[PDB]
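Those sequence lines, one after another, are chains A and B.
Final position of the first sequence in this note's numbering is 416; the numbers increase by one with none missing.
Final position of the second sequence in this note's numbering is 414; the numbers increase by one with none missing.
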Amino acid sequence: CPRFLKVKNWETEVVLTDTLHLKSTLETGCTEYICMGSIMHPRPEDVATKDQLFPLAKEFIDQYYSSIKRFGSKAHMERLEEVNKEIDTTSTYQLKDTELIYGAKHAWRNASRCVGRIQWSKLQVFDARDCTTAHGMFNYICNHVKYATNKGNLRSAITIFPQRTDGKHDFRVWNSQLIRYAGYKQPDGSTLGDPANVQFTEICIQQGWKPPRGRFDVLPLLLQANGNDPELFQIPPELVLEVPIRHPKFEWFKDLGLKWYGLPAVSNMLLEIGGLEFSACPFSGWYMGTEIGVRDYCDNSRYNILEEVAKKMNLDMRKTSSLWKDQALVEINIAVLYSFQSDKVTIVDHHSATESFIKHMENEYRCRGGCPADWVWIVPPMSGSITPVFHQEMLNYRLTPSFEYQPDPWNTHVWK
Amino acid sequence: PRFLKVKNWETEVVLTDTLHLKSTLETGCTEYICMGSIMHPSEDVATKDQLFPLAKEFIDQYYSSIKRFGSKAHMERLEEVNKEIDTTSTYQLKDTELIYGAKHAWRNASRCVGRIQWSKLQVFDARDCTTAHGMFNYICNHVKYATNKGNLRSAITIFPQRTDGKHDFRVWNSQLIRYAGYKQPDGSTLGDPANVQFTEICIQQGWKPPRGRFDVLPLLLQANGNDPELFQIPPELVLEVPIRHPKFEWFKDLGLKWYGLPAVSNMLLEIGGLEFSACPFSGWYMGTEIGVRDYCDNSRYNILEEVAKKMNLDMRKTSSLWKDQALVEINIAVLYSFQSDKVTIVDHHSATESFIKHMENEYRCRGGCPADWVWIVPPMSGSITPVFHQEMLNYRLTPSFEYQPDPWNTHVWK
Ligand code: HEM
Ligand code: HEM
Ligand SMILES: CCO[C@@H]1C[C@H](CCc2cc(F)c(F)c(CCc3cc(C)cc(N)n3)c2)N(C)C1
Ligand SMILES: CCO[C@@H]1C[C@H](CCc2cc(F)c(F)c(CCc3cc(C)cc(N)n3)c2)N(C)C1
Ligand SMILES: C[C@H](O)[C@H](O)[C@H]1CNc2nc(N)[nH]c(=O)c2N1
Ligand SMILES: C[C@H](O)[C@H](O)[C@H]1CNc2nc(N)[nH]c(=O)c2N1
Ligand SMILES: [Zn+2]
């Protein structure tokens, strides 16, 4: 393999040189003869073995002591020695608080699909490795939401639950996000609420939830601790900051009755640090406008409001070449940004966000020797070519520590 | 080495890809690093040794395509190409193979959203051409046929293959019809900034520039490795659309216009090991190629500020989405203008819809369709088109269109 890789920005002619790719660890799914960069996901009861774990822990501990300019120190060699002994006598090991914090920050720093990574170093890490029950999971998660929401001045956070052991005692948040809206399939095939969450809502309802059956019902937390069956918990509604969507120029836009929650918090991913697997690690930041305005509101298999918005704009909807869809999508995304800003809820438009990412990516090349980025995800779902990332060549590779996907818990859980 | 599935996440349609098992050119990716966003991922004169397998493979898929694999014609066409590579170090394609080759290079073009049309391709054989005047003649016939008074038709003209690398046929323009770009004394750029260097090459070669904003560049034609020569396309062959908006009547005051015929002239057509370094090909525009990229790139006409100015939009903050609002209007005007002048154009909703249908077809009858998501997804309104939620496998099939160095970096004058 080659030691230097060049990427070019075709708008500004800047050429950057990647050496960091040499440290990539996992497979991309691509080979010499096929590229899978547009594939979304290129037994979970199986856990790492002693001999698998020794080099994974050593690699991470080396990286950690290199970051603190203590590589090869006495502290470093004693840490290696200590971790090798735990793995030998228990087939696992425990991270120090400082290592858990470094690893989490670096999982975000390595997240090739995240346009927000300029902020990676500023991440509040909540250590919840002492949790044993689902009530305690709920307690930890409520503090996360409250801290991260911060009355509208959102702060990025992660809460980390105990690592996997034998695979039969996993902690999971069954929710895909801490805060989502319920989706109710109707007898007539229509959908009330959020179509993306129909399946999860049926699971909550089965487990005992009484749904209000409205358009914006915050789902309950479904929490699994130490491998037990999950348990329901209603987030205190005063902890769920919401934003009603109105438009600066169109008086009627509030009449759609749209609102959205302020805190995007992914809760279904796996955090891998030095070969340890933290199956429950909800993390939160703040929204880029387009995630709400374009996808959540205008995807066909979502709230699907372009039609109704276009009707109220009186657009010719008979032919596609009028571009009525594109015209309504922009107004929708103006109303989303206008609403969050009026209510002083942190949010970022796709211009500012991509602009920050280019600056971040250049800094990482300069100071770190590269910045893995997944162009298919970094480029916003609207107005792509008028943002700087569109013209930026990117290298995509998997560095550890990292956030990974994992199967849905209802597909694997053994019921007590 | 398996059948691979691709999922559409809107419709949940899953297609199974076997065609990739037949590819042999490289993508640029590795198990550890993906280069799906590198534009040109990573001398060229092959010898007899490399040439016969490539040729044998191409004849194989040709006779396979016409339901006569392993026939007498197939046996004999193999030995004819064998003898010919043997003695002359190259070989000549039949007319049928040439047509089949050009159509399948289009069909194999991962970056092209317009491939549902791939087999309606008019192939002009120009392999008898020897001079730049002959090139100019074949190019004028191409432009006249493909334009067709507005009802455009897909066409490719194929000049002689590369031989020793010293006698290359090259069209120095990147497209047959483009506007010129001028560096100003005050620093700015008049016309099209992407063509500033090529415009100076033409001026240096004797061209007298009008120094307007939409000046059609002359053809610069290189035949058999000689110095390129300048030719003016007859203006009556150059169809142009003045851009006006159906709601904003001030839009015509902008004085914008574009040409009707997109005709890529700087690529290399590779068929069965043969290199056609001159093969201008043309179809018709997707509205966004003009209205998003040509007019609204920073490194191009960069007209967004002017438009949102006349729309009287709040341009202080980025979060008013004033760029995005002006972009849709510009792209309505392009589509409105072309349709009103009855020049063939497709909008990015209809084209991506067609490409999905094309994909279904190719998976049905061919077992796959190589597709470059990065290039297939339109440069605006991405996720409200069907291709955004379409998984695509990218892989390199031949015959194919490849990039080649710009001639002014390679050519040795005299
Ligand atoms: C602070 C502001 C943040 C912004 C503006 C932001 C922005 C984004 C966006 C727009 C995406 C694409 C999401 C999608 O389209 O589904 C994304 C993905 C992602 N982000 Fe960030 N994010 C932020 C915070 C974070 C934090 C705090 C973490 C981890 C500590 C993180 C890790 C990730 C990961 C792992 C993905 C990939 C998710 C997936 O594959 O589904 N992000 N981010
Ligand atoms: C007939 C209507 C056609 C439409 C609507 C269409 C559409 C497109 C578009 C939008 C692109 C991306 C172009 C860019 O951003 O530079 C593209 C690329 C491409 N098209 Fe098509 N196309 C058409 C015809 C053709 C024909 C007739 C050929 C060949 C005979 C062809 C071969 C290619 C190739 C090789 C590329 C890749 C260009 C590159 O890598 O720079 N296309 N097409
Ligand atoms: C199924 C139909 O469309 C679906 C919708 C979804 C649209 C994008 C999206 C919508 C959300 F509401 C959401 F919470 C996230 C979370 C991502 C995230 C995480 C963090 C930490 C910060 C931040 N800003 N964002 C992403 N996309 C995956 C496909
Ligand atoms: C450097 C960054 O900016 C640049 C701008 C440019 C914008 C895209 C573009 C604009 C054109 F005017 C054009 F003719 C073509 C030709 C493509 C084509 C070929 C055929 C056969 C048919 C058809 N319909 N289109 C493409 N894009 C490559 C990047
Ligand atoms: C960096 C990136 O590869 C480059 O800017 C690409 C992105 N996608 C594109 N897609 C199309 N259709 N045309 C282009 O020129 C580009 N440019
Ligand atoms: C098919 C394709 O892989 C898929 O639709 C991707 C495209 N890019 C994306 N980009 C972001 N940010 N989020 C997404 O969900 C997707 N979906
Ligand atoms: Zn790849």
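All C-beta atoms, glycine included, are put in the ideal place defined by N, C-alpha and C.
Check your understanding: Near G257 of chain A, what residues of its chain come up, given a Cβ to Cβ distance below 8 Å and the 5 sequence neighbours on each side ignored?
Key -> Here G257 of chain A has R215 as same chain residues with Cβ atoms under 8 Å from its own Cβ, once five neighbours each way along the sequence are excluded.
Point to revise | Contact set, ligand 5 heavy atom to C-beta under 6 Å | key: A:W10, A:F390, A:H391, A:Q392, A:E393, B:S37, B:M39, B:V374, B:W375
Point to revise | Other residues of its chain near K144 of chain B: CB distance less than 7 Å, five sequence neighbours each side excluded | key: Only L237 meet the Cβ criterion.
**Study point:** Amino acids of chain A, ordered along the chain, whose beta-carbon sits closer than 7 Å to that of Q404 of chain B
**Key:** In chain order: nothing, as chain A lies at least about 18 Å away.
Exercise for review: For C369 of chain B, verify whether its CB is less than 7 Å away from any heavy atom of ligand 2.
Suggested key: no
Exercise for review: Pull up the distance between the alpha-carbon of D217 of chain A and that of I292 of chain A, whole angstroms please.
Suggested key: 17 Å
Review point. Hey, is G260 of chain B close to ligand 2, as in C-beta under 7 Å from one of its heavy atoms?
Key: no
Check your understanding: Could you give the uninterrupted runs of the alpha helix (DSSP H) lying entirely in the stretch 12-54 of chain B, keeping only those of 4 residues or more?
Key -> none
Review point. CB of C30 of chain A to nearest heavy atom of ligand 7: below 7 Å?
Key: yes
Exercise for review: Report buried or exposed for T30 of chain B, applying the criterion of at least 16 other Cβ atoms within 10 angstroms of its Cβ.
Suggested key: Under this definition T30 of chain B is a buried residue.
Check your understanding: Taking C-alpha atoms, which residue in B:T147, B:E84, B:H348 lies nearest to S282 of chain B?
Key -> Relative to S282 of chain B, the option among B:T147, B:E84, B:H348 whose CA is nearest is B:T147.
Review point. Helix, strand or coil: which one does DSSP assign to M315 of chain B?
Key: coil
Review point. Can we say the stretch 111-118 of chain B touches the stretch 362-382 of chain B, given the rule of at least three CB pairs closer than 8 Å?
Key: yes
Exercise for review: Run the proximity test for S174 of chain B: is its beta-carbon closer than 7 Å to any non-hydrogen atom belonging to ligand 2?
Suggested key: no
Practice item. Report the residues of the stretch 281-307 of chain A with a CB closer than 8 Å to any CB of chain B, ordered along the chain. Key: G289, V294, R295, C298, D299, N300, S301, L306
Review point. Helix, strand or coil: which one does DSSP assign to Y261 of chain A?
Key: strand
Exercise for review: Go ahead and pull the three-state DSSP assignment for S402 of chain A.
Suggested key: strand
Point to revise | Residue closest to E200 of chain B, alpha-carbon to alpha-carbon, out of B:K72, B:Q222, B:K183 | key: B:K183
Check your understanding: How would you write the range of the beta strand (DSSP E) that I101 of chain A sits in, first residue to last?
Key -> No beta strand (DSSP E) holds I101 of chain A; the alpha helix (DSSP H) holding it covers 97-109.
Check your understanding: Does ligand 2 have even one heavy atom less than 7 Å from the beta-carbon of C296 of chain B?
Key -> Within the chosen limit of 7 Å, ligand 2 does not reach the beta carbon of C296 of chain B with any heavy atom.
Review point. Between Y397 of chain A and the rest of its own chain, which residues show a CB-CB distance below 6 Å, the 5 nearest in sequence each way excluded?
Key: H21, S24, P372
Exercise for review: Go ahead and pull the three-state DSSP assignment for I271 of chain B.
Suggested key: strand
Practice item. Give the DSSP-derived three-state secondary structure of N9 of chain A in the structure shown. Key: Of the three classes helix, strand and coil, the one that applies to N9 of chain A here is strand, per DSSP.
Check your understanding: Nearest-angstrom Cα distance between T412 of chain A and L100 of chain A?
Key -> Counting only the Cα atoms, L100 of chain A lies some 27 Å from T412 of chain A.
Check your understanding: Any beta-carbon of chain A closer than 8 Å to the one on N195 of chain B?
Key -> no
Practice item. Please classify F71 of chain A: is it buried, with 16 or more other beta-carbons within 10 angstroms of its beta-carbon, or exposed? Key: exposed
Review point. If we ignore side chains and look at the alpha-carbon of each, how far apart do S176 of chain A and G189 of chain A end up?
Key: 24 Å
**Study point:** Alpha-carbon spacing of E231 of chain A relative to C142 of chain A, whole angstroms
**Key:** Near 15 Å, if we compare the C-alpha coordinates of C142 of chain A and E231 of chain A.
Check your understanding: Between the Cα of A182 of chain A and the Cα atoms of A:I160, A:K151, A:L219, A:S156, which residue gives the shortest distance?
Key -> A:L219
Review point. Among residues of its own chain, excluding the 5 on either side of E84 of chain B, which ones have a beta-carbon nearer than 8 Å to its beta-carbon?
Key: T90, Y91, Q92
Point to revise | Buried versus exposed, by CB contacts within 10 Å (16 or more), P264 of chain A | key: Flag for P264 of chain A reads buried.
Check your understanding: Beta-carbon of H349 of chain B versus every beta-carbon of chain A: anything under 8 Å?
Key -> yes
Point to revise | Interfacial residues, the stretch 361-379 of chain B to chain A, with Cβ spacing under 7 Å | key: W373, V374, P379
Check your understanding: If you check the beta carbons only, do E13 of chain A and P388 of chain A fall under 8 Å apart?
Key -> no
Check your understanding: Under 7 Å from any heavy atom of ligand 7, does the C-beta of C35 of chain A make it?
Key -> yes
Review point. Is the beta carbon of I345 of chain B less than 8 Å from the beta carbon of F338 of chain B?
Key: yes
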